[PDB]
Amino acid sequence: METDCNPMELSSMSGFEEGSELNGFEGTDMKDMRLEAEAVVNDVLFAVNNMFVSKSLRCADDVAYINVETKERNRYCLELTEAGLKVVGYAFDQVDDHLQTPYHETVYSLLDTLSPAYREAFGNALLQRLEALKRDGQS
C-alpha cells in the first residue's frame, strides 16, 4: 500500500541482492555535469578572481553553465557538456545561441588560453616543487 520515498543513503546505492548482470540496453555513465563542474570550480579558483556555477540559467545532468572571472576581471561563461568546455559568452551569465566558439577538451587547455595569469599561477605552483626538491633531496 506504499512506495519508496526519498530517504538518505550512507552507501553508494541500496544494493543488497546481487547476481544478475546490469549492463544491458542502457549504459548510463551516471556522470553529473554539475558534479564535475563544482569540482573544477574549486580546484582552479585560486588562479582567478571569482569562479562559480551560473545560477541565472539552468543545469541538468548533461549540461551545466559555469562562469569564470579571471584576475583581470575578464569573464567567460562555459557550457559544460560531454563535448568538453564550450565558451558561450564573455560576460557574467552571458550565453548566446549563435556563438560558434570552439569547445576545448579540459579546463586546463581552456583556461590556459583564457588567462595568461592562470599559466603564471601554474608556474608558481610548479616552481614550488623545484625548490621543494632543492631543499629536501640534496640535504
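Note on numbering: every chain is counted from 1 along its sequence as written, possibly out of step with the entry's scheme, and residues lacking coordinates are dropped from view. Side-chain measures here rest on the full set of heavy atoms in the structure, leaving out hydrogens and waters.

Quick notes on the pattern of salt bridges
Okay, step 1: We define a salt bridge as a side-chain nitrogen of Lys or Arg found within 4 Å of a carboxyl oxygen belonging to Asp or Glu. For the structure shown, the criterion picks out seven salt bridges.
Okay, step 2: Here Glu-69 and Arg-75 are joined by a salt bridge, their closest N and O atoms 2.7 Å apart.
Okay, step 3: A simple rule labels every residue: compare its accessible area, found with a 1.4 Å probe on the protein chains alone, to the largest value its type can have, and call it buried under 20%, exposed over 50%, or partly exposed in between. Taking the relative accessible area as the measure of exposure, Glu-69 reaches 3% and is therefore buried.
Okay, step 4: Where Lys-86 meets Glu-79, a salt bridge forms, and the shortest distance between an N and an O atom there is 2.8 Å.
Okay, step 5: By relative accessible area, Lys-86 is classed as partly exposed at 22%.
Okay, step 6: Look at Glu-79 and you get buried, because its relative accessible area is 13%.

Observations regarding the nonpolar core
Okay, step 1: By size, the foremost hydrophobic cluster in this structure holds 21 residues, and its most contacted members are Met-51, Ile-66, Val-68, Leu-78, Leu-80, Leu-85 and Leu-111.
Okay, step 2: A run of H or I in DSSP becomes a helix once it reaches four residues, and a run of E becomes a strand once it reaches two; helices and strands are each numbered from the N terminus. Elements supplying a minimum of two residues to this core: α1 (33-44), β3 (63-69), β4 (75-81), β5 (84-89), α2 (108-114) and α3 (116-135).
Okay, step 3: Tallying contributions element by element places α1 first for this core, with four residues.
Okay, step 4: Throughout, a contact is declared for two residues whenever any of their heavy atoms are within 4.5 Å. Discounting residues that sit within four places of it in the chain, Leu-85 has contacts with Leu-78, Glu-79, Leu-80, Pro-102, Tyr-103, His-104, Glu-105, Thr-106, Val-107 and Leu-110. Among buried residues, those of type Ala, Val, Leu, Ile, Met, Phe, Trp, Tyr and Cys that are joined through side-chain atoms within 4.5 Å constitute a nonpolar core.

What about the environment of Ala-121?
Okay, step 1: If you trace the backbone, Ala-121 turns up in helix α3.
Okay, step 2: Using a relative accessible area of 19% as the deciding quantity, one classes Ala-121 as buried.
Okay, step 3: Between the alpha carbons of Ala-121 and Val-48 there is a distance of 9.2 Å; along the sequence they are 73 residues apart.
Okay, step 4: Not counting chain neighbours up to four residues away, the residues in contact with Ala-121 comprise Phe-46 and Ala-47.

Examining α3
Okay, step 1: Given the number of residues in a helix, its expected span is that number minus one, multiplied by 1.5 Å. The end-to-end C-alpha distance of α3 is 29 Å, a good match for the 28 Å that 20 residues give at a rise of 1.5 Å each.
Okay, step 2: Positive backbone phi, at 150 degrees, marks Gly-137, one or two positions downstream of α3.

Description of unusual backbone geometry
Okay, step 1: Its identity is not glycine, yet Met-30 carries a phi of approximately 70 degrees, on the positive side.
Okay, step 2: Mapping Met-30 onto the fold places it in the segment before α1.
Okay, step 3: Its relative accessible area of 72% is what places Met-30 among the exposed residues.
Okay, step 4: Its identity as a non-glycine residue notwithstanding, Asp-61 has a phi of 70 degrees, on the positive side.
Okay, step 5: With respect to the helices and strands, the residue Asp-61 is situated in the loop between β2 (59-60) and β3.

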